[PDB]
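The structure appears below as structure tokens.
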Amino acid sequence: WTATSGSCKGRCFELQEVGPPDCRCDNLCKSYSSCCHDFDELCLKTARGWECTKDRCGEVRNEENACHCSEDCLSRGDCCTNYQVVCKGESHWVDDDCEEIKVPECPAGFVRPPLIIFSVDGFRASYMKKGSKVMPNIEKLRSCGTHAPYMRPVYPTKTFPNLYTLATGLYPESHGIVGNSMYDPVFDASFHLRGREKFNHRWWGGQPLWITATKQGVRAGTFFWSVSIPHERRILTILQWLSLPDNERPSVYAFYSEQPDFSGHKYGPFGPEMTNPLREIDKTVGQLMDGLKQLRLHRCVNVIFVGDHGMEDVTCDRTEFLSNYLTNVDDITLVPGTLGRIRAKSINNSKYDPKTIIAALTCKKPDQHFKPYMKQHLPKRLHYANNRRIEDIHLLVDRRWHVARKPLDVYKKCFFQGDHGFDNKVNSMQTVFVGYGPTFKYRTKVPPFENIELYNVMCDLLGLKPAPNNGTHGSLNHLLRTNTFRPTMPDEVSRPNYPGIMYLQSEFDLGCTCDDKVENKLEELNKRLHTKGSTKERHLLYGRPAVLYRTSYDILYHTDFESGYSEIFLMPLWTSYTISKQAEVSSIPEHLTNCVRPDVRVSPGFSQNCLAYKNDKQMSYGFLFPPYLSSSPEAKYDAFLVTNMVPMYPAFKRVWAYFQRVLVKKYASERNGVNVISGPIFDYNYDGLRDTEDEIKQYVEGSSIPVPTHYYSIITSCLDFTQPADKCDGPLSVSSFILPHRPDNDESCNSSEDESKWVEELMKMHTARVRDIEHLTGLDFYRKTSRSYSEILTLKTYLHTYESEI
Ligand SMILES: *[C@@H]1O[C@H](CO)[C@@H](O[C@@H]2O[C@H](CO)[C@@H](O[C@@H]3O[C@H](CO[C@H]4O[C@H](CO)[C@@H](O)[C@H](O[C@H]5O[C@H](CO)[C@@H](O)[C@H](O)[C@@H]5O[C@H]5O[C@H](CO)[C@@H](O)[C@H](O)[C@@H]5O)[C@@H]4O)[C@@H](O)[C@H](O[C@H]4O[C@H](CO)[C@@H](O)[C@H](O)[C@@H]4O[C@H]4O[C@H](CO)[C@@H](O)[C@H](O)[C@@H]4O)[C@@H]3O)[C@H](O)[C@H]2NC(C)=O)[C@H](O)[C@H]1NC(C)=O
Ligand SMILES: Cc1cc(-c2n[nH]c(=O)n2C)c(C(C)C)cc1Cl
Ligand SMILES: Cc1cc(-c2n[nH]c(=O)n2C)c(C(C)C)cc1Cl
Ligand SMILES: [Ca+2]
Ligand SMILES: [Ca+2]
Ligand SMILES: [Cl-]
Ligand SMILES: [K+]
Ligand code: NA
Ligand SMILES: [Zn+2]
């Protein structure tokens with residue numbers, strides 16, 4: 001209950017929230033059924049509209065008007081935004097030439113340039129080019145400020161997950177808003193778009209920008225507008241807040257538009273009805289910029305124009321029905337649409353089996369437009385697993401499609417022609433970023449980046465220390481003229497050992513054999529040098545990775561590769577090798593097929609053994625440095641060292657072999673040489689972070705050899721591909737992957753065919769950022785380059801998406 005018979009007199013859009021049963025006058029009282037009786041009358045005025053006209057100029061103030069054209073309006077801070085244009089002969093902001101903003105040009109008493117976040121729902125990245133003719137204000141912001149060709153949202157590419165990721169710098173798995181609908185089993189409560197529950201604070205984890213600001217003495221406008229409050233009134237409210245006294249005035253503001261998303265759902269992303277929504281959003285940007293110009297703030301405020309996700313063509317007839325695959329379709333609860341999430345309808349059902357549900361949805365129709373996953377098997381780049389609110393069974397839905405439980409759900413819930421929520425690398429899901437103001441660069445294009453990075457930057461813009469988040473602070477320093485954050489490289493925690501020859505062959509009882517006894521100061525001195533690291537500059541191009549946790553490991557040098565060998569996990573943490581464009585692929589000689597050789601640098605006690613692999617009928621093995629890429633028949637012997645071996649399911653060996661035998665050479669040909677770093681990853685609790693030894697759930701049978709959940713490779717070359725990877729004078733180019741180490745190839749419906757028809761497709765799906773691999777390994781790469789650290793941070797955040805051009 002709220003006693004709503006108090007008044008909003010002088011309280012319209014008050015910044016501090018009053019506690020019930022006192023009536024509220026803040027911009028979210030509507031959503032709480034808590035506004036004072038006179039909120040509409042006083043705070044939602046509309047009389048005479050939103051624009052000054054010639055006849056209204058110099059009028060006598062009438063307090064009933066929506067906005068004012070009287071002489072006193074500027075000092076009262078409540079002119080219509082076009083006041084100076086119509087009444088004072090001024091030009092619209094959009095009609096003025098852009099001029100570099102080298103320093104903040106602010107009124108006396110402004111302690112820092114304000115930040116205004118202008119968020120637009122469903123604003124697809126290609127609208128910038130395709131709607132450019134009807135968006136002159138936005139187009140001016142874009143060309144004169146700092147812009148990216150697109151900005152990558154988070155998965156799922158829905159509204160709240162993305163807006164709250166903007167506010168926190170966190171993955172949805174961490175902030176807790178994992179979809180537009182959720183069930184939380186601990187709370188035993190559900191979150192929905194409609195309803196009051198979404199306003200309960202227990203859903204919203206992390207620390208959003210307004211809280212970060214408040215705790216550090218920076219005041220914030222509200223980050224919620226009631227849907228029925230018109231956009232003109234939202235703008236006038238922000239402009240009114242900017243006229244407050246210094247001690248009362250916020251430094252950070254948010255505007256939000258429900259468009260173009262709203263129309264996009266109805267008409268599709270490029271429906272002819274879409275021109276009007278884009279026109280109208282532009283006009284709002286115009287009103288803001290004119291209003292700022294009036295208040296002498298258009299060269300003071302930093303403006304961020306940002307979308308939450310894009311929009312795809314999706315219609316009712318492109319729906320897959322779970323009723324066409326499952327027999328027990330009524331024992332499941334499905335969160336439907338552009339993604340699927342499945343759980344048991346009742347916890348009291350002991351006959352519910354996720355394994356039989358997955359199997360029944362796997363590769364069952366020729367052109368099947370979704371793929372089932374246990375959430376821990378989803379591409380790691382999605383970071384979509386570590387939350388009790390994400391159901392164990394997930395369906396990745398093809399772009400342009402829906403999934404639903406039964407056909408009756410679709411006609412008794414065609415209306416809609418647009419939707420979104422798909423995989424966040426899908427081009428149609430990409431959205432926008434422009435930054436304009438004294439703190440952003442002038443007329444600058446930056447590479448596409450992920451929305452998880454903006455929180456740090458907004459903190460930088462406001463002089464705030466960001467809460468712990470998933471951005472990489474410094475990766476976006478190139479967006480900024482000033483206020484850059486100067487990060488330092490993390491300190492190495494564990495220094496390596498450099499073992500020499502310390503064990504005789506006969507001390508090993510590993511059950512390994514090799515035909516290598518087939519036996520000169522020419523090549524005996526030469527092989528000594530290779531084992532001491534004479535080739536290390538060729539194969540370790542960017543310095544050795546740093547180990548950022550406490551562990552025991554050895555550097556091992558070889559002619560063709562270098563590794564950091566973990567005595568704890570009994571395998572390399574990393575293996576580094578360079579393959580030039582001229583390099584030759586050879587095969588494993590017949591006499592060396594099953595060869596594994598003890599490493600006389602590493603004790604039997606800290607080695608793997610061949611018997612374990614023989615005994616384990618499921619688990620086989622592979623090699624991190626590929627024998628196929630040996631520089632000579634003699635060097636090849638090095639690749640069969642027990643210290644280069646890793647556990648691999650036969651199913652996975654098909655993938656790995658094709659990558660090593662075919663794709664490495666192909667990349668070296670295309671990229672003019674590549675440096676490769678490969679290794680294992682253990683993430684049994686699917687939290688995106690390196691497992692400790694006590695978190696491992698699977699070992700090679702009868703041994704302490706742990707089984708990786710994934711294999712990574714980081715593949716680096718020169719951005720200027722006219723220079724070979726090993727002689728690159730400038731910027732680097734990278735692509736990486738984190739392949740799941742699975743005992744079947746069920747993920748790939750065409751795996752019964754030759755690896756040339758399915759493997760690369762799998763690898764692209766599991767593309768990754770270096771940073772993703774960093775989290776998962778506790779390693780820090782690119783320690784020794786000729787490049788600035790911020791440029792290297794940008795490199796580490798890069799995701800090779802394999803999509804076509806935007
Ligand atoms: C992306 O960036 C984020 C942010 O930096 C990274 O997430 C952080 O990672 C840390 C490492 O996992 C984690 O630290 C833990 O915090 C525990 C206390 O957490 C509370 O307090 C913090 C700080 O205010 C708060 O942010 C947390 O909020 C979480 O939980 C609430 C609900 O309870 C949600 O509203 C919110 O969304 C958030 O949930 C998310 O994180 C939790 C994990 O905390 C997940 O469970 C959720 O699914 C969701 O993703 C909390 O309110 C602290 O108690 C932990 O310490 C225990 O565990 C460690 C083991 O490493 C051990 O060393 C300690 O001794 C201690 O052990 C004891 O408890 C164990 C478990 O109960 C038990 O097994 C032991 O036997 C002991 O009894 C730990 O320090 C930090 O909380 C999160 N922060 C956030 C916001 O998510 C994230 O890793 C990044 N991702 C990537 C890929 O890089
Ligand atoms: C849906 C919604 C919820 C909340 C919200 N309510 N409680 C909470 O922690 N949050 C984050 C907010 C903030 C700005 C008040 C805005 C919106 Cl659009
Ligand atoms: C920019 C932005 C807008 C909104 C937002 N959502 N709805 C609304 O009116 N606003 C203002 C939110 C909510 C989800 C906390 C967060 C951010 Cl970073
Ligand atoms: Ca949205
Ligand atoms: Ca882990
Ligand atoms: Cl959802
Ligand atoms: K075996
Ligand atoms: Na298959
Ligand atoms: Zn939408």
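In the structure tokens, chains take the letters A, B, ... in the order shown, each chain's residues start at 1, and ligands count up from 1 in the order shown.
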List every residue of chain A that has an atom at most 12 Å from any atom of ligand 8, giving for each one its closest atom pair and the distance in Å to one decimal, counting only C-alpha atoms and all ligand atoms, sorted by chain and then by ascending residue number, as a Markdown table.
| residue | atom | partner | partner_atom_place_in_ligand_line | distance |
| --- | --- | --- | --- | --- |
| A:359 | CA | ligand 8 | 1 (Na) | 11.6 |
| A:362 | CA | ligand 8 | 1 (Na) | 8.9 |
| A:363 | CA | ligand 8 | 1 (Na) | 7.8 |
| A:364 | CA | ligand 8 | 1 (Na) | 11.1 |
| A:371 | CA | ligand 8 | 1 (Na) | 11.9 |
| A:651 | CA | ligand 8 | 1 (Na) | 9.6 |
| A:652 | CA | ligand 8 | 1 (Na) | 11.5 |
| A:654 | CA | ligand 8 | 1 (Na) | 11.7 |
| A:655 | CA | ligand 8 | 1 (Na) | 11.8 |
| A:742 | CA | ligand 8 | 1 (Na) | 11.4 |
| A:743 | CA | ligand 8 | 1 (Na) | 11.0 |
| A:744 | CA | ligand 8 | 1 (Na) | 7.3 |
| A:745 | CA | ligand 8 | 1 (Na) | 4.5 |
| A:746 | CA | ligand 8 | 1 (Na) | 3.9 |
| A:747 | CA | ligand 8 | 1 (Na) | 5.9 |
| A:748 | CA | ligand 8 | 1 (Na) | 4.4 |
| A:749 | CA | ligand 8 | 1 (Na) | 4.2 |
| A:750 | CA | ligand 8 | 1 (Na) | 5.6 |
| A:751 | CA | ligand 8 | 1 (Na) | 4.3 |
| A:752 | CA | ligand 8 | 1 (Na) | 6.2 |
| A:753 | CA | ligand 8 | 1 (Na) | 8.9 |
| A:754 | CA | ligand 8 | 1 (Na) | 11.4 |
| A:755 | CA | ligand 8 | 1 (Na) | 11.1 |
| A:757 | CA | ligand 8 | 1 (Na) | 11.7 |
| A:758 | CA | ligand 8 | 1 (Na) | 9.2 |
| A:759 | CA | ligand 8 | 1 (Na) | 10.7 |
| A:762 | CA | ligand 8 | 1 (Na) | 10.9 |
Could you save the residues just selected, with C-alpha atoms, as a CSV table (one decimal), in the first residue's frame?
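The result, stored in selection-v1.csv:
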chain,number,residue,atom,x,y,z
A,359,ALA,CA,20.1,-37.7,-27.9
A,362,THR,CA,20.7,-34.4,-32.0
A,363,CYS,CA,21.0,-34.4,-35.8
A,364,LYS,CA,17.5,-35.8,-36.3
A,371,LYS,CA,21.6,-27.7,-32.0
A,651,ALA,CA,37.0,-38.9,-31.7
A,652,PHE,CA,38.9,-35.7,-30.8
A,654,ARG,CA,40.3,-36.8,-35.8
A,655,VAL,CA,39.8,-33.0,-35.2
A,742,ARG,CA,34.8,-34.6,-26.4
A,743,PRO,CA,34.6,-38.4,-26.7
A,744,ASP,CA,32.2,-38.2,-29.7
A,745,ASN,CA,31.7,-35.8,-32.6
A,746,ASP,CA,27.9,-35.5,-32.0
A,747,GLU,CA,28.2,-31.8,-32.2
A,748,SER,CA,29.1,-32.1,-35.9
A,749,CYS,CA,26.2,-33.7,-37.8
A,750,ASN,CA,28.5,-34.3,-40.8
A,751,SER,CA,31.4,-36.0,-38.9
A,752,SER,CA,30.9,-39.4,-40.6
A,753,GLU,CA,32.4,-37.6,-43.6
A,754,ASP,CA,36.0,-36.5,-44.3
A,755,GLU,CA,37.4,-34.0,-41.9
A,757,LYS,CA,33.9,-31.2,-44.7
A,758,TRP,CA,33.3,-30.6,-41.0
A,759,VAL,CA,36.4,-29.9,-38.9
A,762,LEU,CA,33.7,-26.9,-35.7
How would you write, as an MDAnalysis selection string, the set of residues in segment 357-502 of chain A that DSSP gives as strand (DSSP E)?
-> chainID A and resid 370:374 393:397 402:404 418:419 433:436 444:445 449:450
Okay, now the selection with N, CA, C and O atoms, as an mmCIF file, in the first residue's frame?
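To be explicit, this is the file written out as again.cif:
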data_model
loop_
_atom_site.group_PDB
_atom_site.id
_atom_site.type_symbol
_atom_site.label_atom_id
_atom_site.label_comp_id
_atom_site.auth_asym_id
_atom_site.auth_seq_id
_atom_site.Cartn_x
_atom_site.Cartn_y
_atom_site.Cartn_z
ATOM 1 N N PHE A 370 18.312 -25.915 -35.078
ATOM 2 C CA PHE A 370 18.836 -25.688 -33.740
ATOM 3 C C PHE A 370 19.788 -26.838 -33.449
ATOM 4 O O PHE A 370 19.729 -27.878 -34.117
ATOM 5 N N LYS A 371 20.665 -26.646 -32.468
ATOM 6 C CA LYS A 371 21.564 -27.702 -32.011
ATOM 7 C C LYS A 371 21.550 -27.744 -30.490
ATOM 8 O O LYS A 371 21.684 -26.701 -29.830
ATOM 9 N N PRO A 372 21.335 -28.944 -29.923
ATOM 10 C CA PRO A 372 21.334 -29.144 -28.474
ATOM 11 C C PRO A 372 22.737 -29.213 -27.896
ATOM 12 O O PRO A 372 23.652 -29.778 -28.516
ATOM 13 N N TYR A 373 22.884 -28.636 -26.715
ATOM 14 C CA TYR A 373 24.119 -28.665 -25.950
ATOM 15 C C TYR A 373 23.832 -28.826 -24.465
ATOM 16 O O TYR A 373 22.877 -28.229 -23.931
ATOM 17 N N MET A 374 24.664 -29.598 -23.775
ATOM 18 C CA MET A 374 24.790 -29.396 -22.344
ATOM 19 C C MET A 374 25.522 -28.054 -22.230
ATOM 20 O O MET A 374 26.448 -27.800 -23.010
ATOM 21 N N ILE A 393 20.415 -27.942 -20.144
ATOM 22 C CA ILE A 393 20.196 -28.177 -21.552
ATOM 23 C C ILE A 393 19.913 -26.859 -22.242
ATOM 24 O O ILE A 393 19.035 -26.097 -21.818
ATOM 25 N N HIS A 394 20.668 -26.613 -23.313
ATOM 26 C CA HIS A 394 20.569 -25.395 -24.097
ATOM 27 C C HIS A 394 20.460 -25.731 -25.559
ATOM 28 O O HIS A 394 21.102 -26.686 -26.028
ATOM 29 N N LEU A 395 19.684 -24.929 -26.285
ATOM 30 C CA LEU A 395 19.555 -25.063 -27.729
ATOM 31 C C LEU A 395 20.064 -23.789 -28.393
ATOM 32 O O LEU A 395 19.473 -22.721 -28.209
ATOM 33 N N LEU A 396 21.157 -23.897 -29.149
ATOM 34 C CA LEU A 396 21.599 -22.814 -30.024
ATOM 35 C C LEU A 396 20.767 -22.866 -31.282
ATOM 36 O O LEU A 396 20.785 -23.869 -32.005
ATOM 37 N N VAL A 397 20.025 -21.788 -31.523
ATOM 38 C CA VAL A 397 19.054 -21.713 -32.606
ATOM 39 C C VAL A 397 19.681 -20.979 -33.780
ATOM 40 O O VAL A 397 20.307 -19.928 -33.594
ATOM 41 N N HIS A 402 13.023 -19.851 -34.955
ATOM 42 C CA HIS A 402 12.554 -19.988 -33.590
ATOM 43 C C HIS A 402 12.510 -21.466 -33.200
ATOM 44 O O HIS A 402 12.381 -22.332 -34.067
ATOM 45 N N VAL A 403 12.633 -21.748 -31.906
ATOM 46 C CA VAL A 403 12.235 -23.041 -31.355
ATOM 47 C C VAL A 403 11.037 -22.870 -30.399
ATOM 48 O O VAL A 403 10.952 -21.885 -29.646
ATOM 49 N N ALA A 404 10.103 -23.823 -30.448
ATOM 50 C CA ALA A 404 8.943 -23.824 -29.548
ATOM 51 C C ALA A 404 8.668 -25.261 -29.118
ATOM 52 O O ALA A 404 9.187 -26.192 -29.737
ATOM 53 N N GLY A 418 10.377 -9.691 -37.067
ATOM 54 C CA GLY A 418 11.732 -9.519 -36.564
ATOM 55 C C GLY A 418 11.919 -10.144 -35.195
ATOM 56 O O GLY A 418 10.987 -10.192 -34.390
ATOM 57 N N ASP A 419 13.136 -10.620 -34.922
ATOM 58 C CA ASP A 419 13.497 -11.018 -33.556
ATOM 59 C C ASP A 419 15.026 -11.026 -33.372
ATOM 60 O O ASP A 419 15.780 -10.762 -34.305
ATOM 61 N N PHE A 433 28.192 1.615 -31.636
ATOM 62 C CA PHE A 433 28.861 2.482 -30.670
ATOM 63 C C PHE A 433 29.357 3.759 -31.330
ATOM 64 O O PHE A 433 30.061 3.699 -32.341
ATOM 65 N N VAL A 434 28.987 4.898 -30.746
ATOM 66 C CA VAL A 434 29.663 6.170 -31.080
ATOM 67 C C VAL A 434 30.012 6.855 -29.767
ATOM 68 O O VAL A 434 29.217 6.840 -28.828
ATOM 69 N N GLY A 435 31.189 7.470 -29.690
ATOM 70 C CA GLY A 435 31.501 8.323 -28.555
ATOM 71 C C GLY A 435 31.836 9.719 -29.067
ATOM 72 O O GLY A 435 32.644 9.868 -29.977
ATOM 73 N N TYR A 436 31.220 10.732 -28.477
ATOM 74 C CA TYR A 436 31.413 12.097 -28.944
ATOM 75 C C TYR A 436 31.586 12.991 -27.745
ATOM 76 O O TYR A 436 30.759 12.959 -26.828
ATOM 77 N N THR A 444 37.521 9.600 -35.544
ATOM 78 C CA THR A 444 38.346 8.406 -35.448
ATOM 79 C C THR A 444 37.500 7.138 -35.548
ATOM 80 O O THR A 444 36.470 7.022 -34.893
ATOM 81 N N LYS A 445 37.953 6.197 -36.366
ATOM 82 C CA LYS A 445 37.319 4.888 -36.422
ATOM 83 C C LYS A 445 38.148 3.920 -35.602
ATOM 84 O O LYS A 445 39.371 3.924 -35.665
ATOM 85 N N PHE A 449 34.501 -3.924 -31.072
ATOM 86 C CA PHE A 449 34.875 -4.382 -29.736
ATOM 87 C C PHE A 449 33.624 -4.898 -29.040
ATOM 88 O O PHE A 449 32.516 -4.747 -29.544
ATOM 89 N N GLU A 450 33.811 -5.500 -27.882
ATOM 90 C CA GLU A 450 32.709 -6.127 -27.161
ATOM 91 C C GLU A 450 32.124 -5.200 -26.106
ATOM 92 O O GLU A 450 32.859 -4.458 -25.444
#
Fewer than 2 positions away in the same chain doesn't count, so skip those; otherwise give me all residues within 9 Å of segment 536-548 of chain A, counting only C-alpha atoms, as a ChimeraX atom specification.
-> /A:490-496,530,532-534,550-551,557-564,574,576-579,675-677,725-726,777-786
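With only C-alpha atoms as the atoms that count, the minimum distance from residue 451 of chain A to the choices A:153, A:114, A:264, A:172 is reached by A:153.
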Distance table requested - chain A against ligand 2, cut-off 8 Å, only C-alpha atoms and all ligand atoms: one row per qualifying residue with the closest atom pair and its distance in Å to one decimal, ordered by chain and rising residue number, as a Markdown table.
| residue | atom | partner | partner_atom_place_in_ligand_line | distance |
| --- | --- | --- | --- | --- |
| A:160 | CA | ligand 2 | 1 (C) | 7.2 |
| A:164 | CA | ligand 2 | 11 (C) | 7.4 |
| A:193 | CA | ligand 2 | 1 (C) | 7.8 |
| A:198 | CA | ligand 2 | 1 (C) | 5.6 |
| A:199 | CA | ligand 2 | 6 (N) | 4.1 |
| A:200 | CA | ligand 2 | 7 (N) | 5.4 |
| A:201 | CA | ligand 2 | 9 (O) | 4.0 |
| A:202 | CA | ligand 2 | 9 (O) | 7.0 |
| A:203 | CA | ligand 2 | 9 (O) | 7.1 |
| A:204 | CA | ligand 2 | 9 (O) | 5.0 |
| A:205 | CA | ligand 2 | 9 (O) | 7.6 |
| A:208 | CA | ligand 2 | 11 (C) | 7.6 |
| A:222 | CA | ligand 2 | 14 (C) | 6.2 |
| A:223 | CA | ligand 2 | 14 (C) | 4.1 |
| A:224 | CA | ligand 2 | 14 (C) | 4.7 |
| A:225 | CA | ligand 2 | 18 (Cl) | 7.3 |
How about saving the chosen residues, N, CA and C atoms kept, as a short mmCIF file (atom, residue, chain, number, x, y, z; two decimals), in the first residue's frame?
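Ended up saving to result-v3.cif:
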data_model
loop_
_atom_site.label_atom_id
_atom_site.label_comp_id
_atom_site.auth_asym_id
_atom_site.auth_seq_id
_atom_site.Cartn_x
_atom_site.Cartn_y
_atom_site.Cartn_z
N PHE A 160 17.65 -6.97 -21.51
CA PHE A 160 18.15 -6.84 -20.16
C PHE A 160 19.55 -7.43 -19.96
N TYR A 164 22.22 -4.49 -18.87
CA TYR A 164 22.88 -4.70 -17.59
C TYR A 164 24.37 -5.05 -17.73
N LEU A 193 9.58 -10.29 -18.12
CA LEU A 193 9.55 -8.95 -18.71
C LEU A 193 8.39 -8.11 -18.16
N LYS A 198 10.79 -8.56 -11.66
CA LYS A 198 11.99 -8.01 -12.30
C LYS A 198 12.59 -6.80 -11.56
N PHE A 199 11.76 -6.13 -10.75
CA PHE A 199 12.19 -4.98 -9.95
C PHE A 199 12.79 -5.36 -8.59
N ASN A 200 12.64 -6.63 -8.20
CA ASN A 200 13.31 -7.13 -7.02
C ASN A 200 14.83 -7.14 -7.24
N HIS A 201 15.57 -6.67 -6.26
CA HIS A 201 17.01 -6.46 -6.41
C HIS A 201 17.83 -7.75 -6.46
N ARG A 202 17.27 -8.84 -5.93
CA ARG A 202 18.01 -10.10 -5.82
C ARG A 202 18.43 -10.71 -7.17
N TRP A 203 17.79 -10.26 -8.26
CA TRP A 203 18.15 -10.73 -9.60
C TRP A 203 19.44 -10.09 -10.12
N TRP A 204 19.74 -8.88 -9.65
CA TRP A 204 20.72 -8.02 -10.30
C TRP A 204 22.01 -8.03 -9.52
N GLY A 205 22.97 -8.83 -9.98
CA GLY A 205 24.25 -8.96 -9.30
C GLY A 205 25.25 -7.94 -9.81
N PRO A 208 26.52 -2.10 -10.88
CA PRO A 208 26.27 -1.23 -12.04
C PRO A 208 26.84 0.18 -11.87
N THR A 222 18.73 8.81 -13.11
CA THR A 222 18.18 7.46 -13.03
C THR A 222 18.42 6.66 -14.32
N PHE A 223 18.54 5.34 -14.18
CA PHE A 223 18.74 4.47 -15.34
C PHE A 223 17.46 3.66 -15.64
N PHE A 224 16.32 4.31 -15.44
CA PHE A 224 15.04 3.71 -15.80
C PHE A 224 14.05 4.80 -16.13
N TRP A 225 13.41 4.66 -17.29
CA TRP A 225 12.30 5.55 -17.65
C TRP A 225 11.03 4.71 -17.79
#
Return as a PDB file with N, CA and C atoms, in the first residue's frame every polymer residue, whether protein, DNA or RNA, with at least one atom no more than 8 Å from an atom of ligand 7; count only C-alpha atoms and all ligand atoms.
ATOM      1  N   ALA A 612      49.111 -46.659 -18.916  1.00  0.00           N
ATOM      2  CA  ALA A 612      47.832 -46.043 -18.596  1.00  0.00           C
ATOM      3  C   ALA A 612      46.969 -45.884 -19.848  1.00  0.00           C
ATOM      4  N   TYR A 613      47.558 -45.355 -20.919  1.00  0.00           N
ATOM      5  CA  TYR A 613      46.822 -45.213 -22.162  1.00  0.00           C
ATOM      6  C   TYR A 613      46.435 -46.557 -22.746  1.00  0.00           C
ATOM      7  N   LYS A 614      47.298 -47.566 -22.618  1.00  0.00           N
ATOM      8  CA  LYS A 614      46.967 -48.913 -23.085  1.00  0.00           C
ATOM      9  C   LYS A 614      45.784 -49.482 -22.314  1.00  0.00           C
ATOM     10  N   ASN A 615      45.807 -49.325 -20.990  1.00  0.00           N
ATOM     11  CA  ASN A 615      44.744 -49.820 -20.110  1.00  0.00           C
ATOM     12  C   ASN A 615      43.403 -49.098 -20.257  1.00  0.00           C
ATOM     13  N   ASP A 616      43.453 -47.793 -20.523  1.00  0.00           N
ATOM     14  CA  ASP A 616      42.240 -46.981 -20.651  1.00  0.00           C
ATOM     15  C   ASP A 616      41.671 -47.203 -22.041  1.00  0.00           C
ATOM     16  N   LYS A 617      40.612 -47.994 -22.145  1.00  0.00           N
ATOM     17  CA  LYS A 617      40.035 -48.313 -23.457  1.00  0.00           C
ATOM     18  C   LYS A 617      39.344 -47.132 -24.156  1.00  0.00           C
ATOM     19  N   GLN A 618      39.082 -46.050 -23.426  1.00  0.00           N
ATOM     20  CA  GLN A 618      38.419 -44.877 -24.019  1.00  0.00           C
ATOM     21  C   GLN A 618      39.426 -43.813 -24.469  1.00  0.00           C
ATOM     22  N   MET A 619      40.525 -43.694 -23.727  1.00  0.00           N
ATOM     23  CA  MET A 619      41.432 -42.568 -23.877  1.00  0.00           C
ATOM     24  C   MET A 619      42.666 -42.920 -24.703  1.00  0.00           C
ATOM     25  N   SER A 620      42.944 -42.163 -25.759  1.00  0.00           N
ATOM     26  CA  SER A 620      44.194 -42.318 -26.511  1.00  0.00           C
ATOM     27  C   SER A 620      45.085 -41.080 -26.255  1.00  0.00           C
ATOM     28  N   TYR A 621      45.982 -40.744 -27.173  1.00  0.00           N
ATOM     29  CA  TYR A 621      46.866 -39.592 -26.957  1.00  0.00           C
ATOM     30  C   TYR A 621      47.240 -38.890 -28.251  1.00  0.00           C
TER      31      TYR A 621
END
Quick one: contact table of chain A to ligand 4, 10 Å max, nearest atom pair and distance in Å to one decimal per residue, counting only C-alpha atoms and all ligand atoms, chain and number order, as a tab-separated table?
residue	atom	partner	partner_atom_place_in_ligand_line	distance
A:119	CA	ligand 4	1 (Ca)	9.7
A:120	CA	ligand 4	1 (Ca)	7.9
A:121	CA	ligand 4	1 (Ca)	4.4
A:122	CA	ligand 4	1 (Ca)	5.0
A:123	CA	ligand 4	1 (Ca)	8.3
A:157	CA	ligand 4	1 (Ca)	8.0
A:158	CA	ligand 4	1 (Ca)	5.5
A:159	CA	ligand 4	1 (Ca)	3.5
A:160	CA	ligand 4	1 (Ca)	7.1
A:161	CA	ligand 4	1 (Ca)	9.0
A:162	CA	ligand 4	1 (Ca)	7.7
A:163	CA	ligand 4	1 (Ca)	8.0
A:180	CA	ligand 4	1 (Ca)	9.7
A:257	CA	ligand 4	1 (Ca)	9.4
A:258	CA	ligand 4	1 (Ca)	7.4
A:259	CA	ligand 4	1 (Ca)	8.7
A:260	CA	ligand 4	1 (Ca)	9.0
A:261	CA	ligand 4	1 (Ca)	6.1
A:262	CA	ligand 4	1 (Ca)	8.5
A:307	CA	ligand 4	1 (Ca)	8.0
A:308	CA	ligand 4	1 (Ca)	5.6
A:309	CA	ligand 4	1 (Ca)	6.1
A:310	CA	ligand 4	1 (Ca)	8.0
A:311	CA	ligand 4	1 (Ca)	9.0
A:419	CA	ligand 4	1 (Ca)	9.7
A:420	CA	ligand 4	1 (Ca)	8.3
A:421	CA	ligand 4	1 (Ca)	9.2
Can you list, as a VMD selection string, every protein, DNA or RNA residue that comes within 7 Å of residue 708 of chain A when you count only C-alpha atoms, leaving out same-chain residues fewer than 6 positions away?
-> chain A and resid 680 to 682 741
Write a file of the selected residues as a short mmCIF file (atom, residue, chain, number, x, y, z; two decimals), in the first residue's frame, keeping N, CA, C and O atoms.
data_model
loop_
_atom_site.label_atom_id
_atom_site.label_comp_id
_atom_site.auth_asym_id
_atom_site.auth_seq_id
_atom_site.Cartn_x
_atom_site.Cartn_y
_atom_site.Cartn_z
N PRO A 680 46.56 -27.55 -23.17
CA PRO A 680 45.33 -28.03 -22.59
C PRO A 680 44.62 -26.96 -21.73
O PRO A 680 45.25 -26.00 -21.26
N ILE A 681 43.33 -27.17 -21.50
CA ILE A 681 42.54 -26.33 -20.59
C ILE A 681 41.69 -27.25 -19.72
O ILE A 681 41.09 -28.21 -20.24
N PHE A 682 41.63 -26.96 -18.42
CA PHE A 682 40.79 -27.76 -17.51
C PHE A 682 39.77 -26.85 -16.88
O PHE A 682 40.12 -25.96 -16.12
N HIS A 741 37.14 -30.97 -25.71
CA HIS A 741 37.76 -32.26 -25.80
C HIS A 741 36.68 -33.30 -25.54
O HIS A 741 36.48 -33.74 -24.42
#
